[PDB]
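Some notes on the structure that comes next.
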Amino acid sequence: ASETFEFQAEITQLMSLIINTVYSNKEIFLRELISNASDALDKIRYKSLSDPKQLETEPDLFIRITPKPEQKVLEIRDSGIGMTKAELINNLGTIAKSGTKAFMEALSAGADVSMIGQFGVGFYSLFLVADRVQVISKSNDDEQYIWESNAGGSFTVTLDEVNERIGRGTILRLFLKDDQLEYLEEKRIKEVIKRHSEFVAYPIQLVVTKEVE
């Protein structure tokens, strides 16, 4: 059984603005999600300084990008600290985020949408290219859960009994908009990554499915 929660009003407002904006540089979403993945990895690494056992659930620290053409899905995975059920609810929707309103006010004044990360709400930039998202996460402190949103005022959280087991970490499964399928292409993904992420300390793995000649 899934549980439904209401987003903090300002977040709903932000998602509506982002999912509908005709901003030209939509590729910035990848930079923001890679940045968030890197931060999550930094967190588990730092925590492991005094609790080495924390890494055992998934010894490899990585960021992985997996296009799923048939499903028109793009997944961004990391083996970071992950989020418990409580953290998914709090961090992604119910708790008011400091820069949410501030960012929208900046946008109204003319700020570039690319500044979203500096306001601490870069996660929501995913709606530039997707109309739905499932955040699948596994924290060492809880079971695996699925947080889902379609930019609407409510989101759901469900105990995960349908996706692959992740040792520890988070998967952002983006359901791409019909006109943003270019982000399923290896060449396109590679150029975007190489452009806004040169100083990422973790390996960025691209999973490519090729037909054997």
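Scheme for the structure tokens: letters A, B, ... for chains in order shown; per-chain residue numbers from 1; ligand numbers from 1 in order shown.
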
Please tabulate, as a Markdown table, the residues of stretch 147-202 of chain A that come within 10 Å of stretch 18-42 of chain A, each with its closest pair of atoms and the distance in Å to one decimal, counting only C-alpha atoms and ordering rows by chain, then residue number upward.
```
| residue | atom | partner | partner_atom | distance |
| --- | --- | --- | --- | --- |
| A:150 | CA | A:19 | CA | 9.5 |
| A:151 | CA | A:19 | CA | 7.3 |
| A:169 | CA | A:40 | CA | 8.1 |
| A:170 | CA | A:37 | CA | 8.1 |
| A:171 | CA | A:37 | CA | 9.3 |
| A:172 | CA | A:33 | CA | 8.5 |
| A:177 | CA | A:19 | CA | 9.8 |
| A:180 | CA | A:26 | CA | 9.0 |
| A:183 | CA | A:27 | CA | 8.4 |
| A:188 | CA | A:27 | CA | 9.7 |
| A:189 | CA | A:30 | CA | 8.7 |
| A:192 | CA | A:27 | CA | 6.8 |
| A:193 | CA | A:31 | CA | 7.0 |
| A:194 | CA | A:31 | CA | 9.7 |
| A:195 | CA | A:31 | CA | 8.8 |
| A:196 | CA | A:31 | CA | 5.9 |
| A:197 | CA | A:31 | CA | 6.5 |
| A:200 | CA | A:38 | CA | 7.1 |
| A:201 | CA | A:38 | CA | 7.6 |
| A:202 | CA | A:38 | CA | 7.1 |
```

Fewer than 4 positions away in the same chain doesn't count, so skip those; otherwise give me all residues within 6 Å of residue A:7, counting only C-alpha atoms, as an mmCIF file with N, CA, C and O atoms, in the first residue's frame.
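New file around_34.cif:
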```
data_model
loop_
_atom_site.group_PDB
_atom_site.id
_atom_site.type_symbol
_atom_site.label_atom_id
_atom_site.label_comp_id
_atom_site.auth_asym_id
_atom_site.auth_seq_id
_atom_site.Cartn_x
_atom_site.Cartn_y
_atom_site.Cartn_z
ATOM 1 N N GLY A 93 9.613 16.857 0.058
ATOM 2 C CA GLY A 93 8.324 17.509 -0.091
ATOM 3 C C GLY A 93 7.568 18.220 1.016
ATOM 4 O O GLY A 93 7.022 19.295 0.778
ATOM 5 N N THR A 94 7.507 17.645 2.212
ATOM 6 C CA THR A 94 6.738 18.264 3.290
ATOM 7 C C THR A 94 7.368 19.459 3.997
ATOM 8 O O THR A 94 6.658 20.371 4.423
ATOM 9 N N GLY A 153 0.459 18.556 -6.615
ATOM 10 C CA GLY A 153 0.542 18.922 -5.213
ATOM 11 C C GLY A 153 0.766 17.818 -4.196
ATOM 12 O O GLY A 153 1.008 18.102 -3.023
ATOM 13 N N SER A 154 0.685 16.563 -4.626
ATOM 14 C CA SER A 154 0.891 15.448 -3.709
ATOM 15 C C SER A 154 1.891 14.441 -4.258
ATOM 16 O O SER A 154 2.087 14.339 -5.468
#
```

Which residues come within 7 Å of stretch 71-82 of chain A, counting only C-alpha atoms, excluding same-chain residues fewer than 2 positions away, as a JSON list (two decimals) with N, CA, C and O atoms, in the first residue's frame?
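The resulting file, result.json, is shown below:
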```json
[["chain", "number", "residue", "atom", "x", "y", "z"],
["A", 37, "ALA", "N", 24.16, 13.95, -6.51],
["A", 37, "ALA", "CA", 24.67, 12.59, -6.34],
["A", 37, "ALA", "C", 26.03, 12.66, -5.67],
["A", 37, "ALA", "O", 26.32, 11.91, -4.73],
["A", 40, "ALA", "N", 25.75, 13.40, -2.04],
["A", 40, "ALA", "CA", 25.28, 12.25, -1.27],
["A", 40, "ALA", "C", 26.43, 11.28, -1.03],
["A", 40, "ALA", "O", 26.50, 10.63, 0.03],
["A", 41, "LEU", "N", 27.32, 11.17, -2.00],
["A", 41, "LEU", "CA", 28.48, 10.30, -1.90],
["A", 41, "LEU", "C", 29.47, 10.88, -0.88],
["A", 41, "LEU", "O", 30.08, 10.14, -0.11],
["A", 43, "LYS", "N", 28.70, 12.58, 1.68],
["A", 43, "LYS", "CA", 28.10, 12.33, 2.98],
["A", 43, "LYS", "C", 28.40, 10.94, 3.53],
["A", 43, "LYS", "O", 28.77, 10.80, 4.69],
["A", 44, "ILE", "N", 28.24, 9.91, 2.70],
["A", 44, "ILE", "CA", 28.50, 8.56, 3.17],
["A", 44, "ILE", "C", 30.00, 8.37, 3.41],
["A", 44, "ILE", "O", 30.39, 7.68, 4.36],
["A", 58, "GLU", "N", 27.64, -1.27, 0.21],
["A", 58, "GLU", "CA", 27.99, -0.99, -1.18],
["A", 58, "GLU", "C", 29.36, -0.30, -1.17],
["A", 58, "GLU", "O", 29.45, 0.92, -1.15],
["A", 61, "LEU", "N", 31.93, 3.44, -4.73],
["A", 61, "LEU", "CA", 31.35, 4.78, -4.74],
["A", 61, "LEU", "C", 31.31, 5.26, -6.18],
["A", 61, "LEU", "O", 32.35, 5.50, -6.81],
["A", 62, "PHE", "N", 30.10, 5.42, -6.72],
["A", 62, "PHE", "CA", 29.95, 5.82, -8.10],
["A", 62, "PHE", "C", 28.67, 6.58, -8.38],
["A", 62, "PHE", "O", 27.75, 6.63, -7.56],
["A", 63, "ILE", "N", 28.63, 7.16, -9.58],
["A", 63, "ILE", "CA", 27.46, 7.86, -10.10],
["A", 63, "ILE", "C", 27.26, 7.10, -11.41],
["A", 63, "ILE", "O", 28.21, 6.89, -12.16],
["A", 64, "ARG", "N", 26.04, 6.65, -11.67],
["A", 64, "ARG", "CA", 25.78, 5.88, -12.88],
["A", 64, "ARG", "C", 24.55, 6.39, -13.62],
["A", 64, "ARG", "O", 23.52, 6.65, -13.01],
["A", 65, "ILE", "N", 24.68, 6.54, -14.93],
["A", 65, "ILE", "CA", 23.59, 7.02, -15.77],
["A", 65, "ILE", "C", 23.11, 5.90, -16.69],
["A", 65, "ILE", "O", 23.90, 5.36, -17.47],
["A", 66, "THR", "N", 21.83, 5.56, -16.60],
["A", 66, "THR", "CA", 21.28, 4.49, -17.43],
["A", 66, "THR", "C", 20.05, 4.84, -18.24],
["A", 66, "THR", "O", 18.95, 4.99, -17.70],
["A", 67, "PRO", "N", 20.21, 4.97, -19.56],
["A", 67, "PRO", "CA", 19.07, 5.29, -20.43],
["A", 67, "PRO", "C", 18.24, 4.02, -20.64],
["A", 67, "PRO", "O", 18.79, 2.93, -20.80],
["A", 68, "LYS", "N", 16.92, 4.16, -20.62],
["A", 68, "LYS", "CA", 16.02, 3.03, -20.85],
["A", 68, "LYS", "C", 15.04, 3.49, -21.92],
["A", 68, "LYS", "O", 13.89, 3.83, -21.63],
["A", 69, "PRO", "N", 15.49, 3.50, -23.19],
["A", 69, "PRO", "CA", 14.74, 3.90, -24.39],
["A", 69, "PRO", "C", 13.30, 3.44, -24.50],
["A", 69, "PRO", "O", 12.40, 4.25, -24.68],
["A", 84, "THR", "N", 16.08, 7.54, 4.12],
["A", 84, "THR", "CA", 15.11, 6.67, 4.78],
["A", 84, "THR", "C", 13.73, 7.17, 4.37],
["A", 84, "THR", "O", 13.61, 8.21, 3.72],
["A", 137, "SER", "N", 15.22, 4.93, -3.08],
["A", 137, "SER", "CA", 16.37, 5.10, -2.20],
["A", 137, "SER", "C", 16.51, 4.04, -1.12],
["A", 137, "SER", "O", 15.51, 3.51, -0.62],
["A", 138, "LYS", "N", 17.75, 3.75, -0.77],
["A", 138, "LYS", "CA", 18.07, 2.78, 0.26],
["A", 138, "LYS", "C", 19.13, 3.35, 1.19],
["A", 138, "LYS", "O", 20.30, 3.49, 0.80],
["A", 139, "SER", "N", 18.72, 3.70, 2.40],
["A", 139, "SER", "CA", 19.65, 4.22, 3.40],
["A", 139, "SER", "C", 20.02, 3.01, 4.25],
["A", 139, "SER", "O", 19.23, 2.07, 4.36],
["A", 168, "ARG", "N", 23.00, 0.44, -1.41],
["A", 168, "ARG", "CA", 22.87, 1.67, -0.65],
["A", 168, "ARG", "C", 22.91, 2.76, -1.69],
["A", 168, "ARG", "O", 23.65, 2.66, -2.67],
["A", 169, "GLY", "N", 22.10, 3.80, -1.51],
["A", 169, "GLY", "CA", 22.14, 4.87, -2.49],
["A", 169, "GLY", "C", 20.78, 5.32, -2.97],
["A", 169, "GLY", "O", 19.75, 5.03, -2.35],
["A", 170, "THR", "N", 20.78, 6.01, -4.10],
["A", 170, "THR", "CA", 19.55, 6.55, -4.65],
["A", 170, "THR", "C", 19.52, 6.50, -6.17],
["A", 170, "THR", "O", 20.54, 6.69, -6.83],
["A", 171, "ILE", "N", 18.33, 6.24, -6.70],
["A", 171, "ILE", "CA", 18.13, 6.25, -8.14],
["A", 171, "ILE", "C", 17.05, 7.28, -8.45],
["A", 171, "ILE", "O", 15.97, 7.24, -7.86],
["A", 172, "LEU", "N", 17.35, 8.21, -9.33],
["A", 172, "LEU", "CA", 16.34, 9.17, -9.76],
["A", 172, "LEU", "C", 15.94, 8.61, -11.11],
["A", 172, "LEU", "O", 16.73, 8.61, -12.06],
["A", 173, "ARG", "N", 14.71, 8.09, -11.19],
["A", 173, "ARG", "CA", 14.20, 7.53, -12.43],
["A", 173, "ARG", "C", 13.32, 8.60, -13.06],
["A", 173, "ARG", "O", 12.22, 8.87, -12.58],
["A", 174, "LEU", "N", 13.83, 9.21, -14.13],
["A", 174, "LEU", "CA", 13.12, 10.27, -14.82],
["A", 174, "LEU", "C", 12.32, 9.75, -16.01],
["A", 174, "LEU", "O", 12.86, 9.06, -16.88],
["A", 175, "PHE", "N", 11.03, 10.07, -16.03],
["A", 175, "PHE", "CA", 10.17, 9.69, -17.14],
["A", 175, "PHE", "C", 10.17, 10.92, -18.04],
["A", 175, "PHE", "O", 9.46, 11.90, -17.80],
["A", 176, "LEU", "N", 11.01, 10.87, -19.07],
["A", 176, "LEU", "CA", 11.19, 11.98, -20.00],
["A", 176, "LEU", "C", 9.97, 12.41, -20.80],
["A", 176, "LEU", "O", 9.12, 11.59, -21.16],
["A", 181, "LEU", "N", 13.51, 13.31, -25.61],
["A", 181, "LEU", "CA", 14.11, 11.98, -25.72],
["A", 181, "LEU", "C", 15.57, 11.97, -26.16],
["A", 181, "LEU", "O", 16.19, 10.92, -26.22],
["A", 184, "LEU", "N", 18.30, 10.30, -24.08],
["A", 184, "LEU", "CA", 18.37, 8.84, -24.01],
["A", 184, "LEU", "C", 19.55, 8.41, -24.88],
["A", 184, "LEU", "O", 19.99, 7.26, -24.83]]
```

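Proximity to residue A:9 was assessed for A:100, A:50, A:57, A:90 counting only C-alpha atoms; the smallest distance is recorded for A:100.
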
According to DSSP computed on the backbone, where in stretch 117-207 of chain A is there strand (DSSP E)? Give the residues as a ChimeraX atom specification. /A:130-138,145-149,154-159,169-176,204-206

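Here the question is which of A:14, A:123, A:48, A:2 gets nearest to residue A:106 using only C-alpha atoms, and that residue is A:14.
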
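We find atom CA of residue A:13 and atom CA of residue A:88 to be spaced 19.1 Å apart.
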
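Taking atom CA of residue A:149 as the reference point, atom CA of residue A:203 is found at 28.3 Å.
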
With distances taken over only C-alpha atoms, the candidate from A:5, A:103, A:46, A:147 nearest residue A:120 is A:103

Write down as a VMD selection string the residues belonging to stretch 37-95 of chain A that are assigned helix (DSSP H, G or I) by DSSP computed on the backbone. chain A and resid 37 to 47 52 to 55 69 to 71 85 to 94

Resulting file, chosen residues, N, CA and C atoms, as a PDB file, in the first residue's frame:
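Writing the result to part-v9.pdb gives the following:
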```
ATOM      1  N   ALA A  37      24.160  13.951  -6.507  1.00  0.00           N
ATOM      2  CA  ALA A  37      24.666  12.593  -6.339  1.00  0.00           C
ATOM      3  C   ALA A  37      26.034  12.658  -5.669  1.00  0.00           C
ATOM      4  N   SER A  38      26.876  13.561  -6.161  1.00  0.00           N
ATOM      5  CA  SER A  38      28.212  13.737  -5.603  1.00  0.00           C
ATOM      6  C   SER A  38      28.125  14.118  -4.124  1.00  0.00           C
ATOM      7  N   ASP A  39      27.213  15.026  -3.783  1.00  0.00           N
ATOM      8  CA  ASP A  39      27.063  15.430  -2.388  1.00  0.00           C
ATOM      9  C   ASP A  39      26.634  14.250  -1.516  1.00  0.00           C
ATOM     10  N   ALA A  40      25.750  13.402  -2.038  1.00  0.00           N
ATOM     11  CA  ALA A  40      25.280  12.250  -1.272  1.00  0.00           C
ATOM     12  C   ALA A  40      26.426  11.277  -1.025  1.00  0.00           C
ATOM     13  N   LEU A  41      27.320  11.171  -2.002  1.00  0.00           N
ATOM     14  CA  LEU A  41      28.484  10.297  -1.896  1.00  0.00           C
ATOM     15  C   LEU A  41      29.465  10.876  -0.878  1.00  0.00           C
ATOM     16  N   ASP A  42      29.605  12.201  -0.869  1.00  0.00           N
ATOM     17  CA  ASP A  42      30.496  12.859   0.084  1.00  0.00           C
ATOM     18  C   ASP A  42      30.019  12.564   1.497  1.00  0.00           C
ATOM     19  N   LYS A  43      28.701  12.582   1.677  1.00  0.00           N
ATOM     20  CA  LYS A  43      28.097  12.334   2.978  1.00  0.00           C
ATOM     21  C   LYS A  43      28.399  10.943   3.529  1.00  0.00           C
ATOM     22  N   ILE A  44      28.238   9.911   2.703  1.00  0.00           N
ATOM     23  CA  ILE A  44      28.497   8.556   3.167  1.00  0.00           C
ATOM     24  C   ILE A  44      30.001   8.368   3.411  1.00  0.00           C
ATOM     25  N   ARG A  45      30.838   8.993   2.586  1.00  0.00           N
ATOM     26  CA  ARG A  45      32.289   8.887   2.776  1.00  0.00           C
ATOM     27  C   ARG A  45      32.683   9.535   4.100  1.00  0.00           C
ATOM     28  N   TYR A  46      32.125  10.710   4.370  1.00  0.00           N
ATOM     29  CA  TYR A  46      32.456  11.408   5.603  1.00  0.00           C
ATOM     30  C   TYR A  46      31.962  10.630   6.814  1.00  0.00           C
ATOM     31  N   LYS A  47      30.742  10.115   6.728  1.00  0.00           N
ATOM     32  CA  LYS A  47      30.176   9.349   7.825  1.00  0.00           C
ATOM     33  C   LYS A  47      31.035   8.118   8.110  1.00  0.00           C
ATOM     34  N   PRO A  52      33.293   2.995   9.626  1.00  0.00           N
ATOM     35  CA  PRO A  52      33.677   2.299   8.394  1.00  0.00           C
ATOM     36  C   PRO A  52      32.667   1.274   7.893  1.00  0.00           C
ATOM     37  N   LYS A  53      31.966   0.616   8.814  1.00  0.00           N
ATOM     38  CA  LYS A  53      30.985  -0.407   8.454  1.00  0.00           C
ATOM     39  C   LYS A  53      29.878   0.126   7.539  1.00  0.00           C
ATOM     40  N   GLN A  54      29.657   1.437   7.574  1.00  0.00           N
ATOM     41  CA  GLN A  54      28.618   2.065   6.755  1.00  0.00           C
ATOM     42  C   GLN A  54      28.818   1.846   5.256  1.00  0.00           C
ATOM     43  N   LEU A  55      30.062   1.649   4.838  1.00  0.00           N
ATOM     44  CA  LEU A  55      30.352   1.449   3.423  1.00  0.00           C
ATOM     45  C   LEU A  55      30.118   0.025   2.938  1.00  0.00           C
ATOM     46  N   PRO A  69      15.490   3.496 -23.187  1.00  0.00           N
ATOM     47  CA  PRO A  69      14.744   3.901 -24.385  1.00  0.00           C
ATOM     48  C   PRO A  69      13.298   3.436 -24.497  1.00  0.00           C
ATOM     49  N   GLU A  70      13.079   2.130 -24.397  1.00  0.00           N
ATOM     50  CA  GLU A  70      11.735   1.576 -24.510  1.00  0.00           C
ATOM     51  C   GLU A  70      10.751   2.243 -23.559  1.00  0.00           C
ATOM     52  N   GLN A  71      11.203   2.510 -22.338  1.00  0.00           N
ATOM     53  CA  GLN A  71      10.359   3.130 -21.329  1.00  0.00           C
ATOM     54  C   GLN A  71      10.439   4.653 -21.329  1.00  0.00           C
ATOM     55  N   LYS A  85      12.683   6.432   4.737  1.00  0.00           N
ATOM     56  CA  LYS A  85      11.325   6.843   4.407  1.00  0.00           C
ATOM     57  C   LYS A  85      11.071   8.246   4.956  1.00  0.00           C
ATOM     58  N   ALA A  86      11.485   8.475   6.199  1.00  0.00           N
ATOM     59  CA  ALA A  86      11.294   9.771   6.839  1.00  0.00           C
ATOM     60  C   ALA A  86      12.030  10.887   6.102  1.00  0.00           C
ATOM     61  N   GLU A  87      13.244  10.602   5.645  1.00  0.00           N
ATOM     62  CA  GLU A  87      14.021  11.607   4.933  1.00  0.00           C
ATOM     63  C   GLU A  87      13.425  11.925   3.565  1.00  0.00           C
ATOM     64  N   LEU A  88      12.906  10.911   2.878  1.00  0.00           N
ATOM     65  CA  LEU A  88      12.291  11.146   1.573  1.00  0.00           C
ATOM     66  C   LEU A  88      11.123  12.116   1.738  1.00  0.00           C
ATOM     67  N   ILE A  89      10.282  11.849   2.731  1.00  0.00           N
ATOM     68  CA  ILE A  89       9.119  12.684   3.009  1.00  0.00           C
ATOM     69  C   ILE A  89       9.523  14.111   3.370  1.00  0.00           C
ATOM     70  N   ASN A  90      10.471  14.225   4.292  1.00  0.00           N
ATOM     71  CA  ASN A  90      10.950  15.519   4.760  1.00  0.00           C
ATOM     72  C   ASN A  90      11.768  16.293   3.729  1.00  0.00           C
ATOM     73  N   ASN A  91      12.847  15.678   3.257  1.00  0.00           N
ATOM     74  CA  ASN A  91      13.755  16.301   2.299  1.00  0.00           C
ATOM     75  C   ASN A  91      13.193  16.675   0.935  1.00  0.00           C
ATOM     76  N   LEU A  92      12.284  15.864   0.405  1.00  0.00           N
ATOM     77  CA  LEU A  92      11.753  16.146  -0.919  1.00  0.00           C
ATOM     78  C   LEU A  92      10.407  16.850  -1.010  1.00  0.00           C
ATOM     79  N   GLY A  93       9.613  16.857   0.058  1.00  0.00           N
ATOM     80  CA  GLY A  93       8.324  17.509  -0.091  1.00  0.00           C
ATOM     81  C   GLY A  93       7.568  18.220   1.016  1.00  0.00           C
ATOM     82  N   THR A  94       7.507  17.645   2.212  1.00  0.00           N
ATOM     83  CA  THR A  94       6.738  18.264   3.290  1.00  0.00           C
ATOM     84  C   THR A  94       7.368  19.459   3.997  1.00  0.00           C
TER      85      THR A  94
END
```
